[PDB]
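As structure tokens, one chain now follows by itself in the form deposited in one PDB entry.
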């Protein structure tokens, strides 16, 4: 496949922006300052540095912040308030080896690494200097593939509809209602290990979307409704980006890249959610052709 050949012939280095910022936490850092540093810097993940061992040992991402908030909320109900002054190392102890990639590794290896390990963050680490150079994402990769692959030769499957390809998830879709408390959302996130939740109504029609990303805004209150929390919507919002089963892989990939979101909600004529199509599904389907 053209995608497969392109991925194998390009290095991870080629994906790195000319200029970027990286946020690193010493594992002795207190968890509460760690998550305030993510927000302030507008970053979604941070490599962890163990000073005693003199090396990176893991990642701190929004998923962890959510695990910790959820734990904090429950514990509080039982008068346990320890997560506050917790160091990162101590909270890691309470409970996933570092997975990284060399800038000289192929794009194919990067993609396989994300899928196999079920992660969303892949630090590019130079084996020579030992420095983390950049954190690779599904989003960055797909955009790059779309930009740098010629439209033709075009694989036949790119013209196939979602219906035919069966890419994405179409059963047991974790969803919340507009009247759903933020703390209930956290529990669903933690249980289902899913990057976002469609917000539906009485009849099951999607009207909004609640992402793991929309949660960290809260480290800069867990009682408010999902709807109410999605009013501090920092970015201009045109409504929920969706797709239909009749649509081609090509149109869906184009929509994803242009909108720069991690997933579309598959929906029927009535805006009723039928499934989810995520960059995770897309990249996987492309790496297995």
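The term rigid core refers to the maximal set of C-alpha atoms that superpose within 1.5 Å between the two forms. Residue numbers count along the first chain shown, from 1.
Missing here is the form deposited in another entry; even so, the following discussion is about that form.
- Among the residues 196, 215, 206, 142, the single one whose Cα moves by at least 2 Å between the shown form and the other one, once the core is superposed, is 215.
- Superposition on the rigid core between the shown form and the other one places the CA atom of residue 163 less than 2 Å from its counterpart.
- Once the cores line up, the CA of residue 40 ends up 2 angstroms or more apart between the shown form and the other one.
- If you fit the rigid core between the shown form and the other one, you'll see the Cα of residue 21 move by 2 angstroms or more.
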